[PDB]
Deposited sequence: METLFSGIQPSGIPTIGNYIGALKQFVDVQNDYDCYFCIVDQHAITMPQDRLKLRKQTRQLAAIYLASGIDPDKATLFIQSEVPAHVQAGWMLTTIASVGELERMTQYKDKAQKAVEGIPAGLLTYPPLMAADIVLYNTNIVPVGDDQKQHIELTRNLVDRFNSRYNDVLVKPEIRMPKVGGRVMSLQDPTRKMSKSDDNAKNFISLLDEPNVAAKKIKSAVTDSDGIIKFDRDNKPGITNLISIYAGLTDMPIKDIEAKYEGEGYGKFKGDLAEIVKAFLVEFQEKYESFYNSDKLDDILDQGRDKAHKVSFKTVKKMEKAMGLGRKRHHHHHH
């Protein structure tokens, strides 16, 4: 069984685009892959953070992953800073990186040193669990290249302990676009809040965002990205939240106009968020949330500890006991 590792930034609420594109897919793929979901709070502080904003966002993310169906027994959901092997292995990989290498990553009061030195910590986050696949996008290519190059450098200079990972998302979800700019991907941090639908938006606000999404005044419910990216995007969201095949959507709405379809979809979005947010409140406001995160941390520590120990033996850190 292949091991998957996904880093999660506690820096914002995922949108419904992120749910359809990734989270919903993770809820399936956790049965067929050994999955790690790591809330990378030590990466979040490479940037300036309010300390209450950061600690709250970390709980929020954990509650959202659990609300989506990420299962603490099937997968390992934990907080990066609670597992010390991450900064231990990150320091070891830092000593074999080069300054030139780290600088080129930054390209693809002063400048915080975290922004230069975080890539080896990302490498560590991955290889500590013998990861085979990382579900990232084009923007993370140079990071994985550095990771694989460091695994090569380590195994070559000391001895084979580390595994090279690949970029692979096992079941890619649909691509969800901004509601009022259908050529751009939906983003949690848009200045036009009508562009996205946050997982924590009020369900009635989200229904309004479906109605205000930029489309023709009317048309047929047909999937055509090149010529009608607006309605096509909406059909993608419909498909994403109901699992109805797209061709099966077209047939349900044959002879229907936009008003009927946007009305049904806004209701579908509202219904989804009401069910999602009840689960989310229930995890977020519960004592069991700390129990779950405790157990996740213990799972990850058991695996990552063995790896750190092999690494320390390979470089000659510590003692032979």
{"item": "Deposited-sequence ranges lacking C-alpha coordinates, in sequence order", "value": "109-116, 330-335"}
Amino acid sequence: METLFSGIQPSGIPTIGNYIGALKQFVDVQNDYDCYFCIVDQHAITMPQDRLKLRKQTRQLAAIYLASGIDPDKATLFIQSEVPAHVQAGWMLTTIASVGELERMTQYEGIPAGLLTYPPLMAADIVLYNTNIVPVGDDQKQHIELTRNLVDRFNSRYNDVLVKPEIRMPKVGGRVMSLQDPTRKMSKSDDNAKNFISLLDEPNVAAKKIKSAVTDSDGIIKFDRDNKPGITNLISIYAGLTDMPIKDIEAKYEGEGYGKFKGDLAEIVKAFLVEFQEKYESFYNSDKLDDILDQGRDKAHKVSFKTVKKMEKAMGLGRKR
From here on, numbers count along this sequence of modelled residues.
query: 121-129 versus 173-181 - which carries the larger mean C-alpha B factor in the record; finding: 173-181
query: 31-39 versus 262-270 - greater average Cα B-factor per the deposited record; finding: 262-270
query: Out of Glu166, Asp139, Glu82, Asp152, highest CA B-factor residue; finding: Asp139
query: Selection by C-alpha B-factor (highest) of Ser189, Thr147, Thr95, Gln88; finding: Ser189
query: Third of the chain's Cα B-factor distribution that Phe223 belongs to, per the entry; finding: highest
query: Entry-reported Cα temperature factor of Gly230, expressed as the chain third it lands in; finding: middle
query: Record-listed C-alpha B factor of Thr76: chain third; finding: lowest
query: For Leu162, the third of its chain into which the C-alpha B factor falls; finding: lowest
query: Assigned third (lowest, middle, highest) for the C-alpha B factor of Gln9; finding: middle
